[PDB]
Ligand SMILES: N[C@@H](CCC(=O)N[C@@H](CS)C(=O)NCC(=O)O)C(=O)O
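What follows is one chain in structure tokens, specifically the form deposited without glutathione.
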């Protein structure tokens, strides 16, 4: 029962960037309290979220690694409507960053978050499917990027959740075009639709990919907020399939 939306009503049925209510029920808004929306994540069970490890590194005097300073908003659609019927608010109980995560190269940039109380599944709150470690997202496959991200010049993000597409491209392309290190845990992508870039994610937000079955699987996790794709350069995102056993061993999922 993972990844099957409810697509309440219709509203947008011919395109657009604004997401519809209930169209991404696994998208989570993470607030470091006193600052509002800071990161994204994805629901995989009543108790566990997937996010990015670099969201939880202490900067300034604020301890982003401290779980007690975080609140997860699930089923949230408009960041000025935190109060709204489907919204669920949960405190964080534990953060499990990946043991091999490197704060400089953002390699192995994935984290597991435990809710203090279970989420309640609804029309607006539903889990996404996790791919097996052998699940392949081939070059050219379209994947959805969603969030409340800033512009690359930052640049307030939109109040209404935004959606856009990217496509998988060859790993060699990002190797020969970007100066940063591209590791096997990262996927190379190009812009597909939107949007003038894929910067609507969110760091720790999910990459949603509609599979042949029709259930939506999470192909990856957003790393750098401005590692987003655009007309002249590709973007890099964190893969998820090679982490499946590690997620399940740590969560039961």
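Residue numbers count along the first chain shown, from 1.
Below, we turn to the form deposited with glutathione bound, even though it does not appear here.
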Quiz prompt | Open or blocked: site for glutathione, pose in the entry with it bound superimposed, 2.4 Å backbone/C-beta cut-off, 3-atom minimum | solution = blocked
Quiz item: Out of the stretches listed (125-133, 88-96, 155-163, 74-82), which one is close to glutathione in the entry with it bound, meaning heavy atoms within 4.5 Å?
Solution: 125-133
Quiz item: With the partner left out of view, is residue 215 within 4.5 angstroms of glutathione in the entry with it bound by any non-hydrogen atom?
Solution: yes
